[PDB]
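We've got the same protein chain twice here, in two forms, each standing alone as structure tokens: structure 1 and structure 2.
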Structure 1
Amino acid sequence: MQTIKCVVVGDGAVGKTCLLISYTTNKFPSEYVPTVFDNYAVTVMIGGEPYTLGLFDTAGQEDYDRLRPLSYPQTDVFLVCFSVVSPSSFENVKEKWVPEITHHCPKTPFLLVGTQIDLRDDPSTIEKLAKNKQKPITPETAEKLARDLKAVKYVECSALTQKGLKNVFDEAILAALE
């Protein structure tokens, strides 16, 4: 009863691995030495007592759908991630990820996590979505999804600027305690 198991899901290239490495190593994404292993652990303080926050990293691609739920037993909280500059990752939250974790762990709280929020104010990014006839996902539309899908709450962050990053894991710890 010393360790919180938090499991991270979402489509590839939304920045979830990069999110976990920067919070776990206290480094900017460009400055961490790549690792060949999966998963991350960081000490976190509860009332002055030391706890381990275990971060389980999953692959979002279809080839991994059969073995991924084997990591769900004993989870204390789920982070369901999408990038706010990728409406496909946003739609797959409603249409893939929330159902999959609901089905295997219906009583386990989950947070909706928006990533890469710095790219919402990027010209090349906002224009590259213009040529594709798509627009970036605003925070207000993402909080509405969070309430619809019974999420504990919505949190945004950017691994690059670190804005909102700490609050994501503060929110995750508090949900993991029930």
Structure 2
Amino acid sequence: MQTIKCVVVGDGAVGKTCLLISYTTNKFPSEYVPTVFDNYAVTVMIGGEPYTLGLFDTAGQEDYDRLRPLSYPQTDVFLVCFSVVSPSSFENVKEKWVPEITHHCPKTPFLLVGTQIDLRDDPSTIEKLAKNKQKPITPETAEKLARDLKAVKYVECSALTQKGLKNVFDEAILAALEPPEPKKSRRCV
């Protein structure tokens, strides 16, 4: 009916699934994260006419490297997710994710989404980080990464406390608004 496909991507355990399910049901899956890689839909009211926002989840694990890209076709905006309290995923945004996306979808915009920020203050997570890199990604450093990789922008959220969250998706909606007739329509293919 006038679609907006947004494919979520990011290392594993980064909180991709919880982020979507949280956004869509307004309830963080506090007992079992649905093990199914599913699409989601939300009828957004952009302007005056409704738009179908297609939220697509992905399987991050390496095993899916050769398959994952299959869902990429016709995407409008991407969300490269990384857990604010696991530098691991953050490094991968650069070394793995952004490249993959660009490779397959060169004209498709993408936002850098920091996830699990609520944990930026959970001591045990900090005490665990101890391994010298006992430092959770800060907005300061993530932002530059956005600039370098050319992300439309950096937005961060907590699927647990709902903080930001919706914003991430508004930013996703606004970044995806393809032009009118223009042969320059970033819709991936």
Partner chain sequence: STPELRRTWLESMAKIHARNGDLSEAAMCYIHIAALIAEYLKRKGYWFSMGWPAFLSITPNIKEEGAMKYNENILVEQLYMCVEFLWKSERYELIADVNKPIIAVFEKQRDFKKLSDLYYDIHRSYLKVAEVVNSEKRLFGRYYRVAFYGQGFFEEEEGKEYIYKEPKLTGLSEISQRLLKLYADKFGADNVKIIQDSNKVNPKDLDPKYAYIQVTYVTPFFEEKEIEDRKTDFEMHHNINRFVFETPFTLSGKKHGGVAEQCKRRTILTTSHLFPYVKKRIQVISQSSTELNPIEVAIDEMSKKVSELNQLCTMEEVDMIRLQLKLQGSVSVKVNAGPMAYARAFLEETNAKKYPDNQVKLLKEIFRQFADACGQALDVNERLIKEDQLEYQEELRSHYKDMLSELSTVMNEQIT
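Numbers follow structure 1, counted from its first residue as 1. Only the largest set of C-alpha atoms that superpose within 1.5 Å between the two forms is called the rigid core.
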* **Chain form solved without its partner chain: structure number out of two** => 2
* Structure fact -> Comparing between structures 1 and 2 on the core: of 62, 148, 31, 127, the CA moving 2 angstroms or more sits at 31
* **Angstrom displacement of the CA atom of residue 172 between structures 1 and 2, core fixed** => 0.1
* **After superposing on the core, C-alpha shift for residue 48 between structures 1 and 2 in angstrom** => 2.3
